[PDB]
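Report on the following structure.
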Amino acid sequence: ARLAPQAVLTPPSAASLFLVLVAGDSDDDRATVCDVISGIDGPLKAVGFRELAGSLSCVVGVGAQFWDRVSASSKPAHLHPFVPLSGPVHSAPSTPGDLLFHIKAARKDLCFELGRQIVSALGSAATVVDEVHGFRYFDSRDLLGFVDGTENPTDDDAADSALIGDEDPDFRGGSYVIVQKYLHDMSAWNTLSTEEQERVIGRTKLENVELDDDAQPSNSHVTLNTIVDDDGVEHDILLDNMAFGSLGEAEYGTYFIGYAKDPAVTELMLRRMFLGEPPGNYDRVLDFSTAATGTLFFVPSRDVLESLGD
Amino acid sequence: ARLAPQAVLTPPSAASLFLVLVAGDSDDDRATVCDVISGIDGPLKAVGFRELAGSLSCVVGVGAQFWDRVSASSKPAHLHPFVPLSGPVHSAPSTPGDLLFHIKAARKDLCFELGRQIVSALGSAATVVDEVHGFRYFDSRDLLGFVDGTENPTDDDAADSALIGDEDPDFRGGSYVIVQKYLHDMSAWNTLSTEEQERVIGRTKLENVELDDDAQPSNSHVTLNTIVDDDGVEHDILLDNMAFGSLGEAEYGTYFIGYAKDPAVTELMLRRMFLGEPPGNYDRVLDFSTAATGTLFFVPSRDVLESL
Amino acid sequence: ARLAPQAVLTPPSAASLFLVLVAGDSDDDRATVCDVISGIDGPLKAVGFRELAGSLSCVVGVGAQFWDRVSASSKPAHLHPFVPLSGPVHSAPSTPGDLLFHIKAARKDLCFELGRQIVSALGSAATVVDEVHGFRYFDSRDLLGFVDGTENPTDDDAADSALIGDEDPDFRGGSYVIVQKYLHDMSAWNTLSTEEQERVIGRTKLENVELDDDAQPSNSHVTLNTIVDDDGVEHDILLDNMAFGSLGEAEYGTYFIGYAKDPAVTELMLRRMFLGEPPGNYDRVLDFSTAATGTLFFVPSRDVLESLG
Amino acid sequence: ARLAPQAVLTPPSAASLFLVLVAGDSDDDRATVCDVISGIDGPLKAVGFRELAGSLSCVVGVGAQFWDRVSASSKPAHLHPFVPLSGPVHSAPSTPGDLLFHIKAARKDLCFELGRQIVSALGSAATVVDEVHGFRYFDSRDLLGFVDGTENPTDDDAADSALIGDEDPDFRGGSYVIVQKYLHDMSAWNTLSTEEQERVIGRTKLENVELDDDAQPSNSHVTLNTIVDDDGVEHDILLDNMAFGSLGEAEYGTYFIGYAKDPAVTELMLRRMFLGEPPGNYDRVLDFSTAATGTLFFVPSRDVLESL
Amino acid sequence: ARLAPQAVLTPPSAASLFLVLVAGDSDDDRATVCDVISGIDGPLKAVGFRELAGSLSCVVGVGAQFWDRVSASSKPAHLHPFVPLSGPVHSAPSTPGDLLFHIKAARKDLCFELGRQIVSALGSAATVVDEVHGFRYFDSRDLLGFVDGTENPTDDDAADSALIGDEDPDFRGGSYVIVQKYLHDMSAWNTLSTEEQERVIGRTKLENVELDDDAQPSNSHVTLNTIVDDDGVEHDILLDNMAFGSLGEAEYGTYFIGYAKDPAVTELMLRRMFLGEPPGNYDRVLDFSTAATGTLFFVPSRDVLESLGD
Amino acid sequence: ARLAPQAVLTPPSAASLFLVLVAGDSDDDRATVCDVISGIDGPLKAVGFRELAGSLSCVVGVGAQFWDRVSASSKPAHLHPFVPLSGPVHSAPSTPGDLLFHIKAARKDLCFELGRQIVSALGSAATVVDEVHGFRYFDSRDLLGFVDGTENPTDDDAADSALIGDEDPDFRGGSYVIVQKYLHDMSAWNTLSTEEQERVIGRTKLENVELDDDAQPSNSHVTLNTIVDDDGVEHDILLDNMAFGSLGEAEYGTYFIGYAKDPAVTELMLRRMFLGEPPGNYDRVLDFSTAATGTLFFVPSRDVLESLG
Ligand code: HEM
Ligand code: HEM
Ligand code: HEM
Ligand code: HEM
Ligand SMILES: [Cl-]
Ligand SMILES: [Cl-]
Ligand SMILES: [Cl-]
Ligand SMILES: [Cl-]
Ligand SMILES: [Cl-]
Ligand SMILES: [Cl-]
């Protein structure tokens, strides 16, 4: 899918930009926002076409509160604000955001330029509340040092997991995306042995091999994020996480971004992580990662995006 | 689409070759030409397989006259010669061409070698009437200094814009292509300010952002080439333009090549450019660009191409 | 088309690994084999994800006999062990193989690592009988010096040639693959003149242009491997051949690997090559190439593969 | 120069990291800092070897004050703190910095990982006071839209311009570097015409051709930064400038970083920019660019660095 | 040597531009020419710096007649016009040229742009008389289908062969370059068998292996271009030949460009090719290649180039 | 630094070929060997020129014994056959080799082709005794999973460490190279914990950071291979190690290849490794790595090489 908005299914990239903005109160602000996002293919090609490879992509997401301001009588079945979670020691807050731009490219400058053109076009109609510059870290590792993104669905399976189909045909081809900006405690993580780290995650560190059943803790990240229903059907999500950080402020981070045809799946994964299964048996990754943001957005198909609102 | 003839929807390339040929009078010349173009996947794979990336593509176009020589029993709905335009200031000539080979690859040698093999195979049966060696110029620019090709439809919109469908099912998967070789008057172009040039085109020069509606002149290139039907639906074409030139002859050029499921879209862009909308309000880009060729070809699907 | 097993239609790669294995007679062994191959997308992603480009692929093949050990019924319409051939001068041996792993990537390391993880996971349950490290040789050439793989089908023509369709619907999207590890007689080939070699293959050497119909020997590799049915319709296979070799053992090989929706096409090609058409008029490529292995496998669709057992 | 510390003459890179640090008061802080920087080839190889291409480089700079703390017995001839400038309209502040790490690589992760390892190794002994993540912007442009770095000396001229030689043989192979973090007023810049901007810079915008002598304003950036001695010999510096910014904070920046065997060349460029030549005739580029930092460091040769 | 004029020793490139121009009669034309070529590092960096790799190079050459117009009292020891040669069937003409720009890059656009800027700067002061767009053809082959450039000297040996040293220290670091634009007769070449072609050249076609002594004809291209003196010292030149052509005009070509510290070596090679050794035993490549141009230029070191004239 | 033989100082490559040969006792054989190796720049350019990047290199090594057959006097100051070692637990065998071809390139095909042309040109005059196909493994790692080659000297430090200088002026620009083909015990290595492996090597595994002085075992590979003379001056070698292996034979190797201007440094490292410092305190890398070959060669400068015989 070359230079087309809402290409949710793009392969991993060397660089990414995650921009979360809050729309202004007024009807003017609301219309400018609609004009920019509905014509997003403009900037996308304006920038992307300058690179022969055409690696630039941009996925627009819209929050529940803003959606109801521009499309009151027509709504995707599962659009609602991020559901906050409160475990005994770790919490997943719900933080503001009306707009997500999830930008990917083979180069930083491409992501920066598109972001620059998008922010410029929005002007005073919206305010950036979160901005993260993602980058590939060695052989697809996260800053905890583990290969990150492995078990992502691909092919037909990626389409099945991520994109709305017959269940909500008015919004077929859309998706739901949840973001959380995680910051790690590197000191504490480094006090663990590699083997203990492998138990937290559920895979070997260097070689990235899944631990067998008999050595795989019931609270391992992989175990808790494996969703099987009563029918025995596996439910998967599509992740585009990227490393980010700042040496001077001592921030080493993982940006979580997960797409699903039904946010119920992602929410369940989160419930199992923060609250545990069985209860209290929570994901130990959370001892070393703290979510600073939590926002859900609806990702409209192109046809629906181009219609807003107008 | 890997090494398949008539791959109309290929992305941009670093290099291209546009070859226009006129076929000979004789029944033998006609048969050779048909033998060569119907088996075009041979040379295509013979060279293209030699590159790991497999970037090589070749689209064959056939002119109206030549088609009538080989298939008088059925005709694509819109196949006719290129229509000349005579405007208030500028004109678009209709020039000869029975065959088009639109060749694209990541490297010159691939384009050149495919062209070599095609011309050798055709021998005395056809003559090259136009030959242009296209090349990418920095970040997708044309020699006027502007990013060129930006608003090309992509993906589904691209197939919808370019590929023949239910409206003419006998030639489903085919397309129509129009070529014009433009030469630029560079010194004249350079006497304009950047702002003047931006108003001629419709976009900012370095940053390639569309001018807002209220700074967009009604005769801007972008404005005249925006085709909107009465139900408000835009109609787009697929452009594969490349820079070319010769320093010794002071040629600095843009090869125009546009594909559409219905050439009337492209033709209307041309009329609106050359004659103006409203009439008189012609495309200033034509004050700095002169077409030395103008030819329309039908682009058969693989199936149809293979049966010729 | 990224990091999904049974991706038959992948484009040529710079590196290859061809692993052929026989399985243990044990029941523990059968089960292990099934766990490994049914969950093959695990290792494939474990390795492949580490490369940004995602060039790594792995096609799993299962031999006729081992297939019967894990699928009583059902069975694919044309699954059977490799038919050996005994021709006037040259012979195609049918050699053992229960499992094929056809691995391709842009790098050696990715191939080797994936293979290492597959071999480790199988442990004692299976044994390697043939291991070939394939590599791209200059501009897609084999060690005989000719461009190799040129006339391969592409796009929809490739899918139609290689993938089981409406005609065997329980196994739709599967394929049949035949391998033969050919070793070459270099010095004998070198005594031919370029023009003689061109007669043998059916195409010009440097330029890879197909010889004229009137200059085309009736026993040229190309003509022998051209299949046209009675209605005039051509039938093609998908080749993924790679060069391999060893300098000290003086081994110089082409690894043949061909996929079809029906091995009837491949087997006919092999007959025309080894027996000849007319009989005795065999493929001269065989005078300089000797097959050291010969094994047929069924390539299950992704769904079929994941369901064992 | 492959993975050697103090490789001053490296070509441009897709990515960079500029880290400025102030060292702590204590004798222990001083020893840790010295241990880290004297063994800098460890982290450098520890990360850099992991990339086949070996694009990773790291240059260490030491400020005047910190140097006096570690080597009071000998001093490079021109080491002093950065001199503040107060001009008619604009000023260049002198801001703190004991250590500079100028890191370049083909990839962000390499720069980041080296920076991570250096900061971890330094621990409580030093504090990061400035951190900028530089990136190439299209075809070597800065965020003002101009090709930036064009007239850098190369090869022998580069070593002659940047490396200390016979004039100070105790520190042969060393250099002097000045950094300034510039932030741009983009909306103001955009109210100029392209022609106006070209006159501010001294070169045409898209094509990066020097303006002829008679269209060159006497206060153009290029004009003011051309240093010619009384025998007519030009004196050049080596620039490694990179774009940077933050969309949320509306920061759009150019990190200035310039190397010279004698910082007085660079300093004179700065005075001619900030105060003007003649006085009052200051660099208009400063009407759109504001320096938030200004720091001078000495760049020791490997030998000297390793002995600290 | 990054983005520096007169880098004679550059490695092979995917693209090249050879421009040969004739300077105008007048003192004005003469000064403009001097101003452009002496400041050539300007355009070179103006263009080259826009490509991260920095693959662009430009070597300026100056003909004998023009040299004497701008530097009458100071002259490289061996600067003279191209010496024409007349064999019984094949001839090497001497054709005009005051200026050579030999431009190389990884991309066409870079070579084109620099050429464009050079021609623009020269204006009416000079006229292009030859222009060739060179391109790599597969694995460094020429259009005759043979690997071309193999036996080029590299390292110290390239410097020793190509660049003026102590023998003429006023011009140390300069070189002498000869160009000939050859057009091939592909029909005639294709009537030969591969083996006969291998005998013409002196190397195997596909594998590019030198034929052994006992199967190597005394008139093979390789034999005739092997220069050994009485002392037994081999003398080599540095070649940067490139394919070029035009399908419509049926031109398939090899552009010869050879650099040497003393053009005597190149001239001897040419004498042996066109006249034979022994006499009449000429280079059979010439049955299939016809020189349309022949011009010698002096290539000044940077310091000398920057001094002209002024 | 392009397509010139005896380019010792080349950077790491994606592919390697290590060819070790013994020469015939014949005089015809001696002469052929000399013609091939003295004119090695021929094949090197014949192959290397076909790649735009020019990544192909070839270093020719000549064993002590064969050297004596073609150079009566002169002789390099420190040329001698590989000194074998017999340590408390582990042993370094000294194995045959007259010729070493150390070939590196960005592609396999370039390596293989060059090697094929060298073997063909030598014909009966020599025989391959060891052939290793080296490859880059992920981010410059060996099969033990550690970054391998990190502390290699660079720039002038590399030239000074590896190239013969003023001290043996007839052979200035030459080098001495030692090879050992190590095979690993993977499953034994895998029973160690990451932290134990880190103790064995001397560096962190993922991040490749050198362990603190106070956490550094006195028998860690790093400490054992650190050479500091009596005046305090460090002495380094240049390593070009590559991974190799075979899945079916269960071979997982590191090919050691180290260049020094004086093999005294390399041999001391080898002693500290095999014998230990103090004695018995040997390199634990040796508990999981066994050398199957061991051979020293002189690397002549380009001038010296071209002058045989
Ligand atoms: C004659 C030389 C020409 C030059 C130098 C030129 C240049 C440009 C440029 C710079 C753009 C803006 C970037 C883009 O979206 O592609 C553009 C757009 C476009 N041009 Fe041209 N053009 C030329 C001829 C033509 C012709 C003959 C046609 C139609 C037959 C044409 C049709 C279009 C269309 C359809 C667009 C996109 C408009 C939109 O939907 O925004 N151009 N051209
Ligand atoms: C000794 C091992 C072999 C070598 C060296 C070899 C070589 C070649 C070459 C050089 C070509 C021409 C380029 C191309 O179109 O791919 C070719 C074509 C072909 N070969 Fe092979 N081949 C070998 C074995 C086989 C076998 C065993 C089969 C069938 C089982 C086979 C089937 C084909 C087919 C179907 C084509 C395409 C023919 C066409 O339609 O033009 N090859 N082979
Ligand atoms: C403040 C932000 C700056 C911007 C946006 C900027 C931009 C530019 C540009 C576009 C050029 C022309 C291309 C080139 O040759 O590099 C240039 C040239 C140059 N600049 Fe800057 N510059 C800045 C600051 C500085 C400073 C502070 C200095 C000196 C301390 C400086 C020294 C130079 C020099 C020496 C040249 C080359 C002049 C010549 O010899 O032709 N620049 N700059
Ligand atoms: C079993 C085969 C070997 C393996 C797997 C191995 C592995 C390693 C590793 C992982 C490193 C650390 C990264 C680096 O700096 O390169 C290293 C360093 C080193 N190794 Fe080896 N090595 C092997 C054999 C040898 C041998 C036989 C020698 C000497 C003859 C040797 C000498 C060195 C040296 C000199 C260093 C750099 C030490 C330093 O100064 O920090 N290695 N090796
Ligand atoms: Cl960004
Ligand atoms: Cl071409
Ligand atoms: Cl492998
Ligand atoms: Cl960074
Ligand atoms: Cl050009
Ligand atoms: Cl090899």
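Going by the structure tokens order, chains are called A, B, ..., each with residues numbered from 1, while ligands are numbered from 1 in the order shown.
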At most 9 Å is the cut-off: for each residue in chain A with any atom that close to an atom of chain C, write down the nearest atom pair and the distance in Å rounded to one decimal, counting only C-alpha atoms, chain first then increasing number, as CSV.
```
residue,atom,partner,partner_atom,distance
A:11,CA,C:2,CA,8.5
A:12,CA,C:52,CA,6.7
A:13,CA,C:52,CA,7.2
A:14,CA,C:52,CA,7.7
A:136,CA,C:52,CA,8.8
A:138,CA,C:50,CA,8.5
A:139,CA,C:50,CA,4.7
A:140,CA,C:50,CA,5.4
A:141,CA,C:50,CA,8.0
A:147,CA,C:50,CA,7.1
A:148,CA,C:49,CA,8.5
A:149,CA,C:49,CA,7.3
A:150,CA,C:45,CA,5.5
A:151,CA,C:45,CA,6.5
A:152,CA,C:45,CA,8.3
A:153,CA,C:4,CA,8.9
A:154,CA,C:2,CA,6.4
A:155,CA,C:1,CA,5.8
A:207,CA,C:46,CA,7.8
A:208,CA,C:46,CA,5.7
A:209,CA,C:46,CA,6.2
A:210,CA,C:42,CA,7.9
```
Pick out the residues sitting within 10 Å of residue 132 of chain B, and hand them over as an MDAnalysis selection string; count only C-alpha atoms, and ignore anything fewer than 6 positions along from it in its own chain. (chainID B and resid 16:20 181 242:245 253:255) or (chainID E and resid 246:248)
Check every protein, DNA and RNA residue against ligand 9, keep those with an atom at most 6 Å away (counting only C-alpha atoms and all ligand atoms), and present them as a PyMOL selection string. chain E and resi 17+108+111-112+133
Write down as an MDAnalysis selection string the residues of segment 195-280 of chain C whose backbone DSSP state falls under strand (DSSP E). chainID C and resid 238:239 242:246 251:260
Can you pull out every residue within 9 Å of residue 83 of chain D, counting only C-alpha atoms, but drop anything in the same chain fewer than 5 positions away, and send it as a list in words?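 The neighbour list is residues 92, 93, 94, 267, 294, 295 and 296 of chain D.
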Go ahead and dump the residues you just picked, N, CA and C atoms, as a tab-separated table (two decimals), in the first residue's frame.
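Contents of the output file result_21.tsv:
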```tsv
chain	number	residue	atom	x	y	z
D	92	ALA	N	25.36	36.36	21.32
D	92	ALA	CA	25.77	34.98	21.42
D	92	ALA	C	26.22	34.72	22.85
D	93	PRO	N	25.40	34.02	23.63
D	93	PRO	CA	25.77	33.71	25.00
D	93	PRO	C	26.90	32.70	25.09
D	94	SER	N	27.65	32.77	26.19
D	94	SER	CA	28.63	31.77	26.55
D	94	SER	C	27.98	30.92	27.64
D	267	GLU	N	36.07	32.29	15.69
D	267	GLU	CA	35.67	33.44	16.50
D	267	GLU	C	35.47	34.69	15.65
D	294	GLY	N	26.54	28.38	23.67
D	294	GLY	CA	27.79	28.80	23.05
D	294	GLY	C	28.91	28.29	23.93
D	295	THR	N	29.72	27.37	23.40
D	295	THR	CA	30.74	26.70	24.19
D	295	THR	C	31.91	26.32	23.29
D	296	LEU	N	33.12	26.50	23.82
D	296	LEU	CA	34.33	26.15	23.08
D	296	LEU	C	34.98	24.96	23.78
```
